[PDB]
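Visitor: Submitted below is the structure of interest, expressed as structure tokens.
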Amino acid sequence: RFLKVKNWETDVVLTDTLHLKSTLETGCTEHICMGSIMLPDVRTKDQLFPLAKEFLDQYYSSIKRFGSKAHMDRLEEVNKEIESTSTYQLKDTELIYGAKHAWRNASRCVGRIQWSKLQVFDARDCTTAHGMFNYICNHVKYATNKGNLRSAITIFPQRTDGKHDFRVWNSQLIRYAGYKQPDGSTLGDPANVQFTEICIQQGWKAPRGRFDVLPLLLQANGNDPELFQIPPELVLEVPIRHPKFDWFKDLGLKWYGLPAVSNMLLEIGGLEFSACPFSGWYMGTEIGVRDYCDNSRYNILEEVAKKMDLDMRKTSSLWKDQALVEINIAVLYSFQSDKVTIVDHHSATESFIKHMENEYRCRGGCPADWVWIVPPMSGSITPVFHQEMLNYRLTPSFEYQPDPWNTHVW
Amino acid sequence: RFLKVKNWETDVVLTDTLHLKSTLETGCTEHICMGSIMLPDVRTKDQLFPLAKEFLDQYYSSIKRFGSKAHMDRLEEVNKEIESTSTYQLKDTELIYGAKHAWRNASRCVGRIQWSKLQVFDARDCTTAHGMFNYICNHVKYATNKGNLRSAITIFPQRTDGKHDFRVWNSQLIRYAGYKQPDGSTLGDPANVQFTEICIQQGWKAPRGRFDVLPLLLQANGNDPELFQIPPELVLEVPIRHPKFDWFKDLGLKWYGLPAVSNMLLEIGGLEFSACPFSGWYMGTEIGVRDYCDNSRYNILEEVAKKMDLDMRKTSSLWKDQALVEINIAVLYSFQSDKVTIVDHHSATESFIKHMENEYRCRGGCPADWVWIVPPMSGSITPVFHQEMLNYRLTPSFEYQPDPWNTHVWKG
Ligand code: HEM
Ligand code: HEM
Ligand SMILES: Cc1cc(N)nc(C[C@@H]2CNC[C@@H]2OCCNCC(F)(F)c2cccc(Cl)c2)c1
Ligand SMILES: Cc1cc(N)nc(C[C@@H]2CNC[C@@H]2OCCNCC(F)(F)c2cccc(Cl)c2)c1
Ligand SMILES: C[C@H](O)[C@H](O)[C@H]1CNc2nc(N)[nH]c(=O)c2N1
Ligand SMILES: C[C@H](O)[C@H](O)[C@H]1CNc2nc(N)[nH]c(=O)c2N1
Ligand SMILES: [Zn+2]
């Protein structure tokens with residue numbers, strides 16, 4: 001019931017008490033662990049008030065006013081609002097606190113040392129897709145900040161009866177198009193082929209290139225989604241070169257500087273924000289290991305290894321491993337030379353261990369999903385590999401939601 | 001019931017039914033996942049007979065004799081043995097099937113494609129530490145096979161009252177001593193410092209070098225353990241050199257060829273085999289990533305990166321990653337050049353995925369601990385990184401057991 005986590009490199013043992021406030025289900029049972037599974041009608045008046053109360057209690061606790069008149073008055077006001085309206089509205093202070101805590105609670109996020117420095121853009125007054133587009137360009141410009149990136153979230157209106165959802169159809173605000181070719185191969189990012197098809201069939205004129213920034217497909221008020229191109233000048237991109245290999249730049253590789261997740265659902269005090277795009281800055285391996293080297297992505301290992309003239313005849317020469325490191329050296333070098341914030345996996349995981357220690361010391365724990373927190377390369381030479389982590393679900397939370405094209409009816 | 005697992009690289013979806021045979025608990029609940037926690041007297045008659053029966057039913061199904069007279073007779077014979085003597089003895093065939101299935105069921109093992117090829121040495125007639133020493137020598141020689149490694153396991157007598165346990169005190173049959181210096185540094189393997197001090201206290205004469213093979217410390221029949229030195233001609237070692245870098249040999253690195261886990265408990269049909277040393281062959285990353293490059297182990301990253309003249313002033317040059325790959329190239333090269341079996345992490349994971357898919361078709365599942373199956377370098381360029389896995393506990397099994405110096409009743 002009171003749980004210990006041990007770091008096997010340092011022998012430091014921490015005691016987790018925060019997990020007892022967990023609520024949602026993990027997917028695990030006593031008989032089966034689903035730790036490696038990626039994915040393991042709106043709230044009635046009955047379900048919503050426990051959720052609001054739970055949230056407001058933690059809020060008033062945080063501002064050291066638990067059980068105060070102002071605490072009791074707010075519970076009163078919200079209770080009244082729910083019974084009479086079937087939902088309620090967060091105060092600005094509550095929305096800011098809830099958004100920061102959703103990030104603080106994100107068990108899969110290695111960058112949470114930053115959780116309290118988050119710029120919240122309140123877009124609850126938005127009513128159209130054009131409005132959404134404006135809010136998103138401003139988010140993009142603010143976060144990008146000419147390369148000196150700033151964490152931000154933009155929060156559109158909450159779910160009502162669920163027939164009027166706000167949704168950004170894109171999985172991220174900035175992503176490259178994917179096209180299936182007569183050749184049989186794939187040009188661009190293979191992960192975006194389906195979305196790119198939905199874009200073309202809504203009218204987008206695809207440049208039909210390798211690195212075409214996709215248009216936004218925005219849905220306001222449960223309406224059919226609409227297409228907008230982000231002003232090209234707001235999308236900061238980085239050409240990829242290597243500090244030692246001249247030929248590298250000739251591969252013709254670039255990536256964008258702003259990672260911005262746009263398909264998640266923010267839950268605060270039982271209220272659901274179906275469109276809540278947020279952004280920070282990249283850890284280099286995301287681009288260099290996953291984006292460039294996954295077999296189902298840009299898949300460039302073979303090409304790089306060839307230009308390095310490594311022995312590709314046997315897996316045991318570790319040619320994939322050598323080329324992997326070089327590609328990751330190139331990503332980091334290129335972002336650093338163009339002064340676009342990026343963090344390496346050594347530095348990011350070191351920060352997260354320090355963050356974990358703060359969260360144990362100050363909050364009684366830190367939910368963490370080791371499968372996602374340990375970087376996709378050089379696992380055991382980062383300190384997080386040796387750190388036991390307990391994974392549990394706290395609210396406010398970010399939750400994955402299914403692609404809306406499955407859900408939506410035109 | 002059915003549980004689905006997806007591979008996110010191939011879109012292959014598999015269906016697990018075998019998890020319905022899982023009995024033991026995981027450490028996880030609906031509210032907490034303990035998937036990255038490393039560790040998440042006798043049995044009574046009434047808890048033993050169900051376990052025996054479950055096991056014998058599985059054994060007789062495997063041989064296509066479920067429900068036979070031979071099957072029913074063995075159940076009755078075991079029943080009678082338990083009620084009379086409070087335990088029972090496995091037949092040789094059952095012991096062999098049991099030992100192979102514990103490996104098959106080992107969810108943290110990437111090498112399981114090989115499970116049915118395992119040489120079982122029945123050491124249940126052993127009575128003394130000297131007898132244990134002889135059995136272990138024969139195991140080392142057989143398994144080593146002059147570099148052509150063969151999987152093997154030696155099984156000493158089972159637990160009785162838990163006061164007469166056979167135990168191998170070494171965590172592996174072959175490992176290097178560690179010595180803490182007064183200045184706080186470590187000579188040799190820092191992981192083995194405490195064990196090394198026990199051996200010394202037991203009267204081992206320590207050479208005090210960087211790669212001193214530890215003596216065996218063997219406990220028979222709950223007696224105080226006894227020290228034995230493995231004959232050096234039985235310990236195959238590989239000097240580590242690099243195919244391109246001629247300075248690599250002068251780091252003075254070597255490693256032993258035979259990885260042989262000696263501290264685990266084997267459970268078959270509710271019987272507990274507290275000494276059951278087993279061995280296979282290394283995956284290169286075990287030595288090159290963990291043994292050499294963990295900060296709490298030989299910790300050679302700095303010295304290697306120094307000699308490679310890497311830019312070491314900022315982590316973002318990825319100097320550690322670069323040095324790491326070259327050390328692992330060296331390990332695989334050296335083992336291969338000396339014709340000592342080893343497998344790289346690409347080939348091992350690819351084989352494991354084929355094994356896992358086969359197991360799903362023929363068995364209805366393959367419990368797998370992703371946290372351990374994914375290699376400690378280059379994780380996402382191996383196919384296991386992208387494979388969803390279900391972790392659950394089947395018996396027969398291997399279990400961790402606490403180190404014996406904590407629990408042992410010294411007789412003097
Ligand atoms: C400041 C820089 C940040 C860094 C370096 C960072 C790092 C990361 C990384 C490496 C992942 C794994 C994602 C993947 O492999 O696809 C991740 C996941 C995640 N992070 Fe962060 N993060 C940052 C900012 C943020 C912010 C600002 C938020 C929320 C406001 C956030 C919330 C999340 C969530 C919800 C996930 C899981 C995403 C999913 O399930 O797809 N992070 N983080
Ligand atoms: C034949 C070649 C084999 C290879 C390449 C191999 C590979 C591995 C590796 C890399 C691990 C993780 C070990 C670690 O990180 O410390 C492991 C774990 C394990 N394997 Fe194997 N294995 C092999 C044979 C065997 C055999 C013969 C058995 C038993 C009969 C076995 C049973 C186990 C068990 C019980 C674990 C978990 C160990 C623990 O909890 O400390 N494996 N295997
Ligand atoms: C099935 C599925 C479930 C979940 N929960 N997430 C995904 C998304 C999958 C999981 N890894 C790849 C893909 O992520 C794309 C977004 N990556 C993070 C980032 F690049 F956007 C990023 C990076 C740093 C900081 C921030 Cl704010 C954002 C898929
Ligand atoms: C706390 C704790 C719990 C558990 N279950 N295991 C350990 C042992 C921990 C787990 N990783 C480090 C240490 O293993 C050292 C032995 N490595 C395996 C091998 F080298 F012996 C090996 C390799 C390949 C094949 C075989 Cl048969 C054997 C520690
Ligand atoms: C099946 C497995 O859970 C899946 O491949 C995970 C593993 N760890 C990950 N870790 C991160 N950060 N991002 C991912 O997309 C994944 N994918
Ligand atoms: C805390 C964490 O569970 C621990 O460091 C694990 C991670 N994965 C591992 N995987 C293997 N193969 N061997 C290990 O020792 C570990 N250690
Ligand atoms: Zn679990």
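How things are named: the first chain in the structure tokens is A, the next is B, and so on; residues count from 1 in each chain; ligands count from 1 in the order shown.
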What are the residues of chain B lining chain A at 7 Å or less? Count only C-alpha atoms, and put the answer as a VMD selection string.
Guide: chain B and resid 9 22 to 37 294 296 315 to 318 321 to 322 325 329 332 344 346 to 347 370 to 371 376 to 381 388 to 392
Visitor: Please report, as a PyMOL selection string, each residue of region 12-220 of chain A to which DSSP assigns helix (DSSP H, G or I) when run on this structure's backbone.
Guide: chain A and resi 18-21+45-62+69-85+92-104+112-114+129-147+190-200
Visitor: Any chance you can output those residues with C-alpha atoms as a PDB file, in the first residue's frame?
Guide:
ATOM      1  CA  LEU A  18       0.952   9.675  -4.114  1.00  0.00           C
ATOM      2  CA  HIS A  19      -0.314   6.534  -5.852  1.00  0.00           C
ATOM      3  CA  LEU A  20      -3.070   6.080  -3.259  1.00  0.00           C
ATOM      4  CA  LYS A  21      -4.744   9.155  -4.795  1.00  0.00           C
ATOM      5  CA  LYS A  45     -24.831  15.402 -13.366  1.00  0.00           C
ATOM      6  CA  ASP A  46     -24.127  12.495 -10.979  1.00  0.00           C
ATOM      7  CA  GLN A  47     -20.622  11.716 -12.222  1.00  0.00           C
ATOM      8  CA  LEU A  48     -19.512  15.332 -12.630  1.00  0.00           C
ATOM      9  CA  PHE A  49     -19.788  16.699  -9.077  1.00  0.00           C
ATOM     10  CA  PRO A  50     -17.461  14.105  -7.480  1.00  0.00           C
ATOM     11  CA  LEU A  51     -14.960  14.980 -10.213  1.00  0.00           C
ATOM     12  CA  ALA A  52     -15.337  18.765  -9.725  1.00  0.00           C
ATOM     13  CA  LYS A  53     -15.075  18.431  -5.900  1.00  0.00           C
ATOM     14  CA  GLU A  54     -11.948  16.264  -6.099  1.00  0.00           C
ATOM     15  CA  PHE A  55     -10.338  18.848  -8.376  1.00  0.00           C
ATOM     16  CA  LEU A  56     -11.410  21.922  -6.390  1.00  0.00           C
ATOM     17  CA  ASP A  57     -10.177  20.371  -3.127  1.00  0.00           C
ATOM     18  CA  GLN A  58      -6.741  19.815  -4.626  1.00  0.00           C
ATOM     19  CA  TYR A  59      -6.823  23.346  -6.092  1.00  0.00           C
ATOM     20  CA  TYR A  60      -7.720  25.036  -2.784  1.00  0.00           C
ATOM     21  CA  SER A  61      -5.178  22.876  -1.055  1.00  0.00           C
ATOM     22  CA  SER A  62      -2.418  24.084  -3.462  1.00  0.00           C
ATOM     23  CA  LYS A  69     -14.842  30.059   3.303  1.00  0.00           C
ATOM     24  CA  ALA A  70     -13.616  30.862  -0.267  1.00  0.00           C
ATOM     25  CA  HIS A  71     -13.062  27.105  -0.783  1.00  0.00           C
ATOM     26  CA  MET A  72     -16.583  26.258   0.508  1.00  0.00           C
ATOM     27  CA  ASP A  73     -18.188  29.103  -1.501  1.00  0.00           C
ATOM     28  CA  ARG A  74     -16.688  27.806  -4.753  1.00  0.00           C
ATOM     29  CA  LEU A  75     -17.877  24.205  -4.137  1.00  0.00           C
ATOM     30  CA  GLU A  76     -21.309  25.688  -3.448  1.00  0.00           C
ATOM     31  CA  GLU A  77     -21.283  27.775  -6.652  1.00  0.00           C
ATOM     32  CA  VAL A  78     -20.189  24.840  -8.820  1.00  0.00           C
ATOM     33  CA  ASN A  79     -22.746  22.473  -7.292  1.00  0.00           C
ATOM     34  CA  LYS A  80     -25.446  25.026  -8.095  1.00  0.00           C
ATOM     35  CA  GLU A  81     -24.131  25.416 -11.640  1.00  0.00           C
ATOM     36  CA  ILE A  82     -24.024  21.666 -12.387  1.00  0.00           C
ATOM     37  CA  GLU A  83     -27.529  20.838 -11.100  1.00  0.00           C
ATOM     38  CA  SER A  84     -28.957  23.745 -13.106  1.00  0.00           C
ATOM     39  CA  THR A  85     -26.820  23.643 -16.298  1.00  0.00           C
ATOM     40  CA  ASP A  92      -8.998  31.283 -15.220  1.00  0.00           C
ATOM     41  CA  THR A  93      -6.873  30.388 -12.213  1.00  0.00           C
ATOM     42  CA  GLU A  94      -8.378  26.887 -12.104  1.00  0.00           C
ATOM     43  CA  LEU A  95      -7.822  26.344 -15.826  1.00  0.00           C
ATOM     44  CA  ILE A  96      -4.144  27.394 -15.567  1.00  0.00           C
ATOM     45  CA  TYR A  97      -3.586  25.144 -12.526  1.00  0.00           C
ATOM     46  CA  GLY A  98      -5.366  22.228 -14.173  1.00  0.00           C
ATOM     47  CA  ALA A  99      -3.340  22.470 -17.388  1.00  0.00           C
ATOM     48  CA  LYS A 100      -0.034  22.664 -15.558  1.00  0.00           C
ATOM     49  CA  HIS A 101      -1.043  19.632 -13.465  1.00  0.00           C
ATOM     50  CA  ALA A 102      -2.158  17.562 -16.466  1.00  0.00           C
ATOM     51  CA  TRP A 103       1.454  17.988 -17.659  1.00  0.00           C
ATOM     52  CA  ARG A 104       2.805  17.300 -14.161  1.00  0.00           C
ATOM     53  CA  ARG A 112       8.278  17.409 -16.716  1.00  0.00           C
ATOM     54  CA  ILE A 113      10.958  19.330 -14.746  1.00  0.00           C
ATOM     55  CA  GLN A 114       9.444  22.189 -16.773  1.00  0.00           C
ATOM     56  CA  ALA A 129     -12.578  27.076 -37.312  1.00  0.00           C
ATOM     57  CA  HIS A 130     -11.241  30.334 -38.578  1.00  0.00           C
ATOM     58  CA  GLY A 131     -11.019  31.471 -34.927  1.00  0.00           C
ATOM     59  CA  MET A 132      -9.232  28.175 -34.121  1.00  0.00           C
ATOM     60  CA  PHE A 133      -6.773  28.806 -36.905  1.00  0.00           C
ATOM     61  CA  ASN A 134      -5.933  32.295 -35.570  1.00  0.00           C
ATOM     62  CA  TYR A 135      -5.422  30.964 -32.036  1.00  0.00           C
ATOM     63  CA  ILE A 136      -3.115  28.214 -33.425  1.00  0.00           C
ATOM     64  CA  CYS A 137      -0.985  30.572 -35.525  1.00  0.00           C
ATOM     65  CA  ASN A 138      -0.529  32.726 -32.426  1.00  0.00           C
ATOM     66  CA  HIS A 139       0.349  29.669 -30.356  1.00  0.00           C
ATOM     67  CA  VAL A 140       2.855  28.583 -33.018  1.00  0.00           C
ATOM     68  CA  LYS A 141       4.515  32.028 -33.169  1.00  0.00           C
ATOM     69  CA  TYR A 142       4.623  32.411 -29.362  1.00  0.00           C
ATOM     70  CA  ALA A 143       6.049  28.925 -28.705  1.00  0.00           C
ATOM     71  CA  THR A 144       8.601  29.136 -31.588  1.00  0.00           C
ATOM     72  CA  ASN A 145       9.891  32.577 -30.486  1.00  0.00           C
ATOM     73  CA  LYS A 146      12.467  32.603 -33.331  1.00  0.00           C
ATOM     74  CA  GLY A 147      14.067  29.371 -32.061  1.00  0.00           C
ATOM     75  CA  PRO A 190       4.686   7.024 -44.249  1.00  0.00           C
ATOM     76  CA  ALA A 191       2.898   7.707 -40.896  1.00  0.00           C
ATOM     77  CA  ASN A 192       0.724  10.421 -42.481  1.00  0.00           C
ATOM     78  CA  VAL A 193      -0.465   8.744 -45.656  1.00  0.00           C
ATOM     79  CA  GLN A 194      -4.049   8.347 -44.363  1.00  0.00           C
ATOM     80  CA  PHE A 195      -4.303  11.927 -43.058  1.00  0.00           C
ATOM     81  CA  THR A 196      -2.792  13.303 -46.285  1.00  0.00           C
ATOM     82  CA  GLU A 197      -5.460  11.414 -48.275  1.00  0.00           C
ATOM     83  CA  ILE A 198      -8.199  12.993 -46.122  1.00  0.00           C
ATOM     84  CA  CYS A 199      -6.563  16.382 -46.773  1.00  0.00           C
ATOM     85  CA  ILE A 200      -6.536  15.910 -50.549  1.00  0.00           C
TER      86      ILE A 200
END
Visitor: Residues within 7 Å of ligand 2, counting only C-alpha atoms and all ligand atoms: report them as a count of residues only.
Guide: 28
Visitor: Dump the neighbourhood of ligand 1 as a list in words: all residues within 7 Å, distances computed on only C-alpha atoms and all ligand atoms.
Guide: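 Checked against 7 Å with only C-alpha atoms and all ligand atoms; the hits are residues 99, 100, 103, 106, 108, 109, 110, 111, 112, 114, 115, 118, 151, 152, 153, 278, 279, 280, 281, 282, 283, 286, 343, 348, 372, 373, 398, 399 and 400 of chain A.
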Visitor: For N, CA and C atoms, I'd like the residues from the last selection saved as a PDB file, in the first residue's frame.
Guide:
ATOM      1  N   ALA A  99      -4.185  22.756 -16.214  1.00  0.00           N
ATOM      2  CA  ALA A  99      -3.340  22.470 -17.388  1.00  0.00           C
ATOM      3  C   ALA A  99      -1.907  22.145 -16.967  1.00  0.00           C
ATOM      4  N   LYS A 100      -1.363  22.941 -16.039  1.00  0.00           N
ATOM      5  CA  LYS A 100      -0.034  22.664 -15.558  1.00  0.00           C
ATOM      6  C   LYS A 100       0.012  21.289 -14.910  1.00  0.00           C
ATOM      7  N   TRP A 103       0.076  18.201 -17.227  1.00  0.00           N
ATOM      8  CA  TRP A 103       1.454  17.988 -17.659  1.00  0.00           C
ATOM      9  C   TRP A 103       2.248  17.335 -16.530  1.00  0.00           C
ATOM     10  N   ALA A 106       1.626  13.681 -16.440  1.00  0.00           N
ATOM     11  CA  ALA A 106       1.797  12.909 -17.675  1.00  0.00           C
ATOM     12  C   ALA A 106       2.932  11.880 -17.487  1.00  0.00           C
ATOM     13  N   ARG A 108       4.268   9.558 -19.091  1.00  0.00           N
ATOM     14  CA  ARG A 108       5.139   9.221 -20.213  1.00  0.00           C
ATOM     15  C   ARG A 108       6.076  10.367 -20.632  1.00  0.00           C
ATOM     16  N   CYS A 109       6.007  11.507 -19.946  1.00  0.00           N
ATOM     17  CA  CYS A 109       6.763  12.697 -20.346  1.00  0.00           C
ATOM     18  C   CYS A 109       8.040  12.855 -19.544  1.00  0.00           C
ATOM     19  N   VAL A 110       9.191  12.798 -20.221  1.00  0.00           N
ATOM     20  CA  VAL A 110      10.507  12.942 -19.593  1.00  0.00           C
ATOM     21  C   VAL A 110      10.821  14.396 -19.281  1.00  0.00           C
ATOM     22  N   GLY A 111      10.096  15.315 -19.899  1.00  0.00           N
ATOM     23  CA  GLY A 111      10.466  16.737 -19.747  1.00  0.00           C
ATOM     24  C   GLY A 111       9.741  17.491 -18.643  1.00  0.00           C
ATOM     25  N   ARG A 112       9.166  16.771 -17.682  1.00  0.00           N
ATOM     26  CA  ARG A 112       8.278  17.409 -16.716  1.00  0.00           C
ATOM     27  C   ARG A 112       8.994  18.286 -15.667  1.00  0.00           C
ATOM     28  N   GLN A 114       9.868  20.888 -16.258  1.00  0.00           N
ATOM     29  CA  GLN A 114       9.444  22.189 -16.773  1.00  0.00           C
ATOM     30  C   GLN A 114       7.973  22.495 -16.446  1.00  0.00           C
ATOM     31  N   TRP A 115       7.280  21.550 -15.809  1.00  0.00           N
ATOM     32  CA  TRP A 115       5.801  21.572 -15.803  1.00  0.00           C
ATOM     33  C   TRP A 115       5.189  22.883 -15.320  1.00  0.00           C
ATOM     34  N   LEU A 118       4.558  26.983 -18.038  1.00  0.00           N
ATOM     35  CA  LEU A 118       3.718  26.613 -19.171  1.00  0.00           C
ATOM     36  C   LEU A 118       2.822  27.812 -19.396  1.00  0.00           C
ATOM     37  N   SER A 151       7.236  26.668 -23.825  1.00  0.00           N
ATOM     38  CA  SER A 151       6.140  25.712 -23.649  1.00  0.00           C
ATOM     39  C   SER A 151       4.812  26.445 -23.621  1.00  0.00           C
ATOM     40  N   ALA A 152       3.823  25.897 -24.334  1.00  0.00           N
ATOM     41  CA  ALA A 152       2.525  26.527 -24.411  1.00  0.00           C
ATOM     42  C   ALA A 152       1.429  25.525 -24.625  1.00  0.00           C
ATOM     43  N   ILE A 153       0.231  25.877 -24.168  1.00  0.00           N
ATOM     44  CA  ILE A 153      -0.975  25.105 -24.513  1.00  0.00           C
ATOM     45  C   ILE A 153      -2.093  26.062 -24.898  1.00  0.00           C
ATOM     46  N   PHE A 278      -0.707  21.410 -27.442  1.00  0.00           N
ATOM     47  CA  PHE A 278       0.394  21.857 -26.564  1.00  0.00           C
ATOM     48  C   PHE A 278       1.741  21.580 -27.212  1.00  0.00           C
ATOM     49  N   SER A 279       2.769  22.331 -26.812  1.00  0.00           N
ATOM     50  CA  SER A 279       4.069  22.232 -27.417  1.00  0.00           C
ATOM     51  C   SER A 279       5.156  22.516 -26.375  1.00  0.00           C
ATOM     52  N   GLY A 280       6.336  21.958 -26.630  1.00  0.00           N
ATOM     53  CA  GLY A 280       7.530  22.213 -25.827  1.00  0.00           C
ATOM     54  C   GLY A 280       8.706  22.331 -26.782  1.00  0.00           C
ATOM     55  N   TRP A 281       9.674  21.437 -26.638  1.00  0.00           N
ATOM     56  CA  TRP A 281      10.806  21.369 -27.550  1.00  0.00           C
ATOM     57  C   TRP A 281      11.309  19.936 -27.557  1.00  0.00           C
ATOM     58  N   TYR A 282      12.046  19.592 -28.603  1.00  0.00           N
ATOM     59  CA  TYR A 282      12.341  18.184 -28.902  1.00  0.00           C
ATOM     60  C   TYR A 282      13.424  17.629 -28.034  1.00  0.00           C
ATOM     61  N   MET A 283      13.348  16.341 -27.742  1.00  0.00           N
ATOM     62  CA  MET A 283      14.537  15.625 -27.320  1.00  0.00           C
ATOM     63  C   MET A 283      15.042  15.039 -28.623  1.00  0.00           C
ATOM     64  N   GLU A 286      13.929  11.685 -30.562  1.00  0.00           N
ATOM     65  CA  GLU A 286      12.617  11.643 -31.201  1.00  0.00           C
ATOM     66  C   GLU A 286      12.761  11.735 -32.741  1.00  0.00           C
ATOM     67  N   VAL A 343      17.010  19.262 -26.730  1.00  0.00           N
ATOM     68  CA  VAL A 343      17.729  18.693 -25.609  1.00  0.00           C
ATOM     69  C   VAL A 343      18.188  17.274 -25.982  1.00  0.00           C
ATOM     70  N   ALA A 348      18.275  15.376 -20.830  1.00  0.00           N
ATOM     71  CA  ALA A 348      16.849  15.301 -20.494  1.00  0.00           C
ATOM     72  C   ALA A 348      16.552  14.292 -19.369  1.00  0.00           C
ATOM     73  N   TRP A 372       8.270   4.335 -21.851  1.00  0.00           N
ATOM     74  CA  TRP A 372       8.338   5.568 -22.630  1.00  0.00           C
ATOM     75  C   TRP A 372       9.438   6.536 -22.201  1.00  0.00           C
ATOM     76  N   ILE A 373       9.756   6.540 -20.914  1.00  0.00           N
ATOM     77  CA  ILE A 373      10.750   7.499 -20.365  1.00  0.00           C
ATOM     78  C   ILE A 373      12.201   7.137 -20.804  1.00  0.00           C
ATOM     79  N   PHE A 398      -3.855  14.277 -19.470  1.00  0.00           N
ATOM     80  CA  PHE A 398      -3.975  14.156 -20.913  1.00  0.00           C
ATOM     81  C   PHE A 398      -4.243  12.714 -21.291  1.00  0.00           C
ATOM     82  N   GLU A 399      -5.212  12.492 -22.173  1.00  0.00           N
ATOM     83  CA  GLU A 399      -5.569  11.132 -22.604  1.00  0.00           C
ATOM     84  C   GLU A 399      -5.588  11.059 -24.123  1.00  0.00           C
ATOM     85  N   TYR A 400      -5.179   9.929 -24.669  1.00  0.00           N
ATOM     86  CA  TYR A 400      -5.193   9.762 -26.113  1.00  0.00           C
ATOM     87  C   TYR A 400      -6.672   9.648 -26.540  1.00  0.00           C
TER      88      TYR A 400
END
